[PDB]
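Down below is the structure, laid out as structure tokens.
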Amino acid sequence: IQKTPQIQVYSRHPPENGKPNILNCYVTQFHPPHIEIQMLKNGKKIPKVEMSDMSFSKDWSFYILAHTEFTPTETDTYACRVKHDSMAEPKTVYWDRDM
Amino acid sequence: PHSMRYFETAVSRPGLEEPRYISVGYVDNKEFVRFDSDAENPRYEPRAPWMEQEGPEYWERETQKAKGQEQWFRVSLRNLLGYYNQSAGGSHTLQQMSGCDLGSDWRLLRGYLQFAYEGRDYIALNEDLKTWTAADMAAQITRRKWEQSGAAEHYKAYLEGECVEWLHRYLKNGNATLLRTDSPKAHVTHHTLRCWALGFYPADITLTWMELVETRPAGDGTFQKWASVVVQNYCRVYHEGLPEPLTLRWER
Amino acid sequence: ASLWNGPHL
């Protein structure tokens with residue numbers, strides 16, 4: 001009835017600073033299907049975020065891959081922020097190039 | 001080792017709106033068709049390029065089923081509100097999984113017909129395709145109703161018949177797409193030792209060196225995974241895409 | 001090829 005989203009933030013290609021890439025926020029294991037996912041660059045929301053179509057897994061739980069263009073740098077930060085009814089507050093997960 | 005599934009969802013909407021019904025078909029774990037009642041013109045749509053081969057009568061016929069299912073889920077949702085004493089002021093979710101597993105000879109191994117309400121098991125058809133397992137006392141109402149009217153027989157005919165025959169057709173028509181693999185490219189990073197497998201398809205993979213992330217979509221139809229440890233005394237990559245397993249360690 | 005369900009829940 002309430003399942004907490006699991007979150008992965010990670011690039012499509014191995015990151016190289018200055019090199020255009022794709023930033024992925026893969027949100028899984030949640031219920032109900034209604035969810036709000038935001039992608040952030042230096043704490044401000046990225047306007048052009050794409051979302052996969054509603055799908056669910058063998059265990060009934062829903063998932064969604066949100067993605068956007070980014071260009072990793074030495075100083076810019078990237079995060080994905082997820083609001084869902086299972087969670088008291090939005091959960092923000094920063095992109096870590098090591099993971 | 002082949003399968004077909006249809007994953008169906010209806011999510012009710014408080015207010016004058018009717019539920020949103022979505023259907024997704026899979027062949028060997030890959031999306032091949034999709035229906036969504038919120039689309040501009042709701043129709044089944046091809047989602048694998050070998051499906052654009054099906055002519056207009058196929059899409060017209062599938063779409064009729066989806067419209068039917070949409071009405072079936074509306075009525076079933078209303079019934080569920082009654083069995084569990086719930087309010088239509090809230091949103092509620094009904095899910096179905098159905099389809100068939102085949103062997104490498106293309107014979108039927110197993111049919112599936114499963115329902116969930118609010119994300120938990122409600123009722124399922126047993127592997128015998130004759131009897132039902134109900135998850136709770138409410139679902140036992142459904143089980144007794146369905147035993148009484150012999151509902152299982154209709155599902156068994158679909159699962160042993162059309163599910164199998166159409167999967168053969170899709171397996172044949174999608175052969176070149178389905179047989180395709182994308183080999184992982186791997187490398188090792190130091191922090192913890194981390195072995196990454198990248199760009200692989202399909203998603204099944206073994207990495208051995210111990211922390212291990214959930215396999216995740218790269219967004220281009222490929223997948224990624226990685227595995228890590230405590231610490232060149234130390235990683236193997238197993239994938240049907242590979243000429244042979246990959247073998248590596250830290251590189252400086 | 002999808003299916004039509006029979007009896008309702």
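So you can find residues: chains in the structure tokens are A, B, ... in the order shown, residues in each start at 1, and ligands are numbered from 1 in order.
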Q: Please provide as JSON, numbers by chain all residues within 9 Å of residue 6 in chain C, with the sequence filter that same-chain residues fewer than 2 positions apart are discarded (counting only C-alpha atoms).
A: {"B": [72, 151, 152, 154, 155], "C": [4, 8]}
Q: Tell me, as number ranges by chain, which residues lie within 7 Å of range 63-70 of chain B, counting only C-alpha atoms; anything in the same chain fewer than 4 positions away does not count.
A: B: 21, 43-44, 59, 74; C: 3-5
Q: Identify every residue of chain A that has at least one atom within 7 Å of any atom of chain B, counting only C-alpha atoms, and report the result as a list in words.
A: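 Therefore, the residues near the partner are residues 1, 12, 31, 60 and 61 of chain A.
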Can I get the selection written as an mmCIF file, in the first residue's frame, with N, CA, C and O atoms?
data_model
loop_
_atom_site.group_PDB
_atom_site.id
_atom_site.type_symbol
_atom_site.label_atom_id
_atom_site.label_comp_id
_atom_site.auth_asym_id
_atom_site.auth_seq_id
_atom_site.Cartn_x
_atom_site.Cartn_y
_atom_site.Cartn_z
ATOM 1 N N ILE A 1 0.850 -1.255 0.000
ATOM 2 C CA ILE A 1 0.000 0.000 0.000
ATOM 3 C C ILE A 1 0.872 1.288 0.000
ATOM 4 O O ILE A 1 0.560 2.244 -0.724
ATOM 5 N N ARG A 12 24.761 7.825 -18.397
ATOM 6 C CA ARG A 12 24.739 6.813 -19.440
ATOM 7 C C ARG A 12 26.165 6.316 -19.848
ATOM 8 O O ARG A 12 26.421 5.115 -19.904
ATOM 9 N N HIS A 31 5.139 2.205 -4.661
ATOM 10 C CA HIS A 31 3.682 2.043 -4.792
ATOM 11 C C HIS A 31 3.041 3.015 -3.790
ATOM 12 O O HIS A 31 3.485 3.082 -2.649
ATOM 13 N N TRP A 60 5.082 -6.359 -8.712
ATOM 14 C CA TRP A 60 3.965 -5.405 -8.783
ATOM 15 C C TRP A 60 4.423 -3.939 -8.643
ATOM 16 O O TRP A 60 3.654 -3.024 -8.958
ATOM 17 N N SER A 61 5.660 -3.721 -8.196
ATOM 18 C CA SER A 61 6.139 -2.347 -7.884
ATOM 19 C C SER A 61 6.415 -1.562 -9.167
ATOM 20 O O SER A 61 6.727 -2.149 -10.188
#
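For range 89-91 of chain A, the residues within 12 Å (counting only C-alpha atoms, excluding itself and residues fewer than 4 positions away along the chain) are residues 4, 5, 6, 7, 8, 27, 35, 36, 37, 38, 39, 79, 80, 81, 82, 83, 84 and 85 of chain A.
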Q. Looking at A:17, A:71, A:24, A:77, which one is nearest to residue 51 in chain A, with distances taken over only C-alpha atoms?
A.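 The closest residue to residue 51 in chain A is A:24.
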Q: Output the contact residues of chain B with respect to chain C at a cut-off of 9 Å, based on only C-alpha atoms, as a ChimeraX atom specification.
A: /B:5-6,25,58,62,65-66,68-69,72-73,75-77,79-80,98-99,139,141-143,145-146,149,151-152,154-155,158,162-163,166-167
(Q) Give me, as a ChimeraX atom specification, all polymer residues having an atom no more than 7 Å from residue 20 in chain B, counting only C-alpha atoms and skipping those fewer than 2 positions away in the same chain. (A) /B:10-12,18,22,37-38
Expected file contents, prior selection, C-alpha atoms, as a PDB file, in the first residue's frame:
ATOM      1  CA  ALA B  10      -5.956   0.508 -13.867  1.00  0.00           C
ATOM      2  CA  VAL B  11      -5.551   3.397 -11.492  1.00  0.00           C
ATOM      3  CA  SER B  12      -8.788   5.083 -10.379  1.00  0.00           C
ATOM      4  CA  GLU B  18     -12.668   7.277 -15.039  1.00  0.00           C
ATOM      5  CA  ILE B  22      -2.566   0.932 -19.426  1.00  0.00           C
ATOM      6  CA  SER B  37      -6.209   5.257 -22.172  1.00  0.00           C
ATOM      7  CA  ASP B  38      -4.757   8.809 -21.583  1.00  0.00           C
TER       8      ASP B  38
END
**Q.** Non-local contacts of residue 15 in chain A (9 Å; only C-alpha atoms; under 5 positions in same chain excluded) as a ChimeraX atom specification
**A.** /A:20-21,71-72,97
Q | Atom pair CA of residue 69 in chain A / CA of residue 23 in chain A: separation (Å) | A |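 Straight-line distance from CA of residue 69 in chain A to CA of residue 23 in chain A works out to 6.0 Å.
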Q: Enter the distance from CA of residue 165 in chain B to CA of residue 148 in chain B, in Å, rounded to one decimal.
A: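 Computing the Euclidean distance for CA of residue 165 in chain B and CA of residue 148 in chain B yields 29.2 Å.
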Q: Write down as a PyMOL selection string the residues belonging to chain A that are assigned strand (DSSP E or B) by DSSP computed on the backbone.
A: chain A and resi 3+6-11+21-31+36-41+44-45+50-51+55-56+62-70+78-83+91-94
Q: May I have all residues of range 16-244 of chain B that DSSP, computed from the backbone, assigns to helix (DSSP H, G or I), given as a ChimeraX atom specification?
A: /B:49-51,56-83,137-148,151-160,162-173,175-179
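Going from CA of residue 50 in chain B over to CA of residue 62 in chain A, you cover 26.7 Å.
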